[PDB]
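As structure tokens, one chain now follows by itself in the form deposited in one PDB entry.
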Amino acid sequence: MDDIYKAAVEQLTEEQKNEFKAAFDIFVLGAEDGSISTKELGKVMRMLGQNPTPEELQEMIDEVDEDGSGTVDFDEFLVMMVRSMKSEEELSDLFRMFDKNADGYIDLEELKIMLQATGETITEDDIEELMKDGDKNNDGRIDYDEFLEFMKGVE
């Protein structure tokens, strides 16, 4: 899903951020504002096979353009790079382990026992925000559908 990418950037060692900056600075050679338009992005696409339209190329940019410039800077470039690099059956069996009272939902307290049985020292903010991210209808519990979207991207 989304915030899993934003987490992957914060885990990049300075060995990769030097790799990516060097590649990004070759991207933006010839660009006047130092960012990636469709002109810079189309060059690299032809360089590795395909030739998308000037709107297929603008779709790739708008998927990661959070500042409304129509271009890609280095911070937005790192999000691009991590997107490019479990199943419902597995997640349903693990769902049953959370639901200890077996009522079909994961309420607050059942989350905390699982959290307190993880080895870490659990903060009340950790408890507070994991349920905010998981529970999207706001009814004090995580149901099956919400649990799937809550573990999307977790290995």
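Sequential numbering from 1, following the sequence displayed. Under this definition, the rigid core comprises the largest set of C-alpha atoms superposing within 1.5 Å between the forms.
- In this entry, 116-124 shows the higher mean Cα temperature factor of the pair 87-95 and 116-124.
- Mean CA temperature factor is higher for 133-141 when stretches 133-141 and 20-28 are set side by side in the entry.
- Remark: of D62, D103, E40, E109, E109 shows the highest value [criterion: C-alpha B-factor in the PDB entry].
- Comparing C-alpha B-factors across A7, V154, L148, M1 in the deposited entry, the largest value falls on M1.
Below: the form deposited in another entry, not depicted.
- Here the rigid core is superposed between the shown form and the other one, and of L115, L108, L130, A31 the C-alpha of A31 is the only one to shift by 2 Å or more.
- In the core-superposed comparison between the shown form and the other one, the C-alpha atom of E40 has shifted by at least 2 angstroms.
- Relative to the superposed core, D93 undergoes a C-alpha shift smaller than 2 Å between the shown form and the other one.
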